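Only one chain comes next, encoded as structure tokens, the form deposited in one PDB entry.
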């Protein structure tokens, strides 16, 4: 009975690291590929990092919130860290719940054109102000996506690469050649949310943008990065036209380069999956990634 057990250990770690804090209630309310999120005392979110990753950790995430809560002028709420424990082995962040409804393609489609346009304006304006921030104070929070893929590719070569089939290697090797040819990294750098997809966007009762969660991957990176998922054409995101539109509101950006950046990210996804499986040792992720490769080599 796994989640009853998870809630108990988490209740313990919270009251152990944060002495004055007493957990009267606690529930698992969410989980991404990095963290598990707990609603505590029905007002706080405590998340903890279960994924094995060093480049994107809670040290930097806390730095980013604290930077942004200081420099952003906006009525969009973001997490505000009231509790933190950071160690290499285990990290916790605690903050008052960002209250609201999560945006979905489903919610958006039944929105009036009027509510759609103001939401798209809210999103564009939030990205514009954050991408505009002088980022001197968190200058250590730079992210090099190219360099990161290079390291992950090295990890493949040092692990399972040789036991991959030829078309799998062809796939990886084709991506690597493209990654070395593209020009999408040659552009403007700034602070990006960097995981900016529907499921992090909260709406108030008027379907207005009220909150943004999970700056867990944020850093100084390509301006293009915050449009990767807005441009995504899947069933959990609204659609490419949505991203196209927001790119137009945002202004002063090469939409074609943006599209090239998401498409490169998209090509990497099966490899990212296999890498994610290798790092955390969840072999069903290596399977999926490997199977996803075959499903694209046959266009």
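Throughout, rigid core stands for the largest set of C-alpha atoms superposing within 1.5 Å between the two forms. Numbering follows the first chain given and starts at 1.
There is another form of the same protein, the form deposited with a small molecule bound; it is not shown, and what comes next is about it.
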In the entry with it bound, does residue 245 come within 4.5 Å of the small molecule, counting heavy atoms only?
no
Examine residue 200 and determine whether its closest non-hydrogen atom to the small molecule in the entry with it bound is within 4.5 angstroms.
yes
Is residue 224 close to the small molecule in the entry with it bound, meaning a heavy atom pair under 4.5 Å apart or at it?
no
So in the entry with it bound, is the small molecule close enough to residue 236 to count as touching (4.5 Å, heavy atoms)?
yes
Non-hydrogen atom within 4.5 angstroms of the small molecule in the entry with it bound for each of 153, 170 and 173
no
Would you mind picking the one in 266, 27, 260, 254 that has a heavy atom within 4.5 Å of the small molecule in the entry with it bound?
266
Within 4.5 Å, heavy atoms only, one stretch in 176 to 184, 121 to 129, 83 to 91, 225 to 233 touches the small molecule in the entry with it bound. Which?
225 to 233
Align both forms on the core first, then report whether residue 34 has a C-alpha shift of 2 Å or more between this form and the one not shown.
yes
With the core lined up, does the C-alpha of residue 291 move 2 Å or more between this form and the one not shown?
no
For residue 280, is the CA shift between this form and the one not shown at least 2 Å following rigid-core superposition?
yes
